[PDB]
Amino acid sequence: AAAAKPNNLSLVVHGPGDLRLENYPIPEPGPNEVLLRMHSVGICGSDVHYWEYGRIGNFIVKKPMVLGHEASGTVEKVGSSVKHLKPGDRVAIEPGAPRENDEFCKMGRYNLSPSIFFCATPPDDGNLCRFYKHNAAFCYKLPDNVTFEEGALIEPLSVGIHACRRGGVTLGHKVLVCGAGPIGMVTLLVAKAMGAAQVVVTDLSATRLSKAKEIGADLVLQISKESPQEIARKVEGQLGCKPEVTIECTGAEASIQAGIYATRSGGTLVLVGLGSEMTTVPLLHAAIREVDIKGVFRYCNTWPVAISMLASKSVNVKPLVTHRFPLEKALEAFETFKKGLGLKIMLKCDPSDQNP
């Protein structure tokens, strides 16, 4: 008998509350793609949401979908046209890869390309598996002093990078970050690395705020039932001035309203968090003071920068990882996520290397 073939065990959502570990064929990379032996994949609230609800808005899992999109791995094989990567290279994977060079890609905002492929957003399969192929231009080599888990953390970190760029965060700024979930946390980390003088973070949880303090938050405000105007007043009271930039990472209407009231005239309110289809806000208050309201849709052009910041030790994302489980314990990892305790949970897909 011939040698045993490798496997491609994958974490798949078939529908609401129907999560399974099953084997998939091993992908064959096209001329401009690379086949990766997956190593580390972080669990994102969105992967969990598809498992629980089978959809997010109008993005419905109509056929079984492999989960996972915050990842790193090792190049196993490269397509005939690939020259910048070779077998053995450790790489961080940027999940959104444009399918066509449309005007959004040409202008530098490929994240807005309508036909973009994106790991684990139906109907595109994610990378929580053993072997996964991806466009080579979107796999970036990791320096030796950057771990696989840091490589996987580049994905959420990039949301923070894109959000801060969209907000115009820069040297000396006072920034308000609403929400201390992983997104608010990486946003806090990025704001500080960019030179923000003070970053204030809000959240409903004292525990999450305590963690925010540990990683750099200068000020924190625990939210209970105060009004948006009251929160704005308290923030200003802590800073001694209004923040030039507010990055909204909760998606809650009251928080968006608070951001409008809190932001300094001429400043910027960045909307990262996802809320309802309709929202009631004091638009006039923002517009009349030229507080711009800018949304974020994932990110673009953040991997090389994230990699440089990690390699130079300019930012430390490691404290964000609270648990790590082998791929086979994915169900337990997802139930742990649901318990709300902990922060970033890593799934280790390579049996030969379960280390960070």
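When you see a residue number, it is the position in the sequence shown, counting from 1.
Q: Which is higher in the entry, the mean Cα B factor of 331-339 or that of 6-14?
A: Taking the mean B-factor of the alpha carbons in each, 331-339 is higher.
Q: Look over 266-274 and 279-287 in the entry and identify the one with the greater average Cα temperature factor.
A: Looking at the record's C-alpha B-factors, the answer is 279-287.
Q: Return the residue from 113, 127, 207, 170 that has the highest Cα B-factor in the entry.
A: Reading the PDB entry, the winner on C-alpha B-factor is 207.
Q: Among 304, 326, 68, 29, single out the one with the highest C-alpha B factor in the record, please.
A: Among 304, 326, 68, 29, the PDB entry lists the largest C-alpha B-factor for 29.
Q: Using the B-factors in the PDB entry, rank residue 64's C-alpha atom against the chain and give the third, lowest, middle or highest.
A: For residue 64, whose C-alpha B-factor we compare with every modelled residue in the chain, the answer is the highest third.
Q: How does residue 84 rank on Cα B-factor within its chain, lowest, middle or highest third?
A: Highest third - that is where residue 84 ends up once the chain's C-alpha B-factors are sorted.
Q: Using the B-factor values recorded in the entry, state whether the Cα atom of residue 256 falls in the lowest, middle or highest third among the modelled residues of its chain.
A: Middle third - that is where residue 256 ends up once the chain's C-alpha B-factors are sorted.
Q: Split into thirds by Cα B-factor across the chain's modelled residues, where does residue 42 land: lowest, middle or highest?
A: As the PDB entry reports it, the C-alpha B-factor of residue 42 lands in the lowest third of its chain.
Q: With respect to C-alpha B-factor, does residue 165 fall in the lowest, middle or highest third of the chain as deposited?
A: Lowest third.
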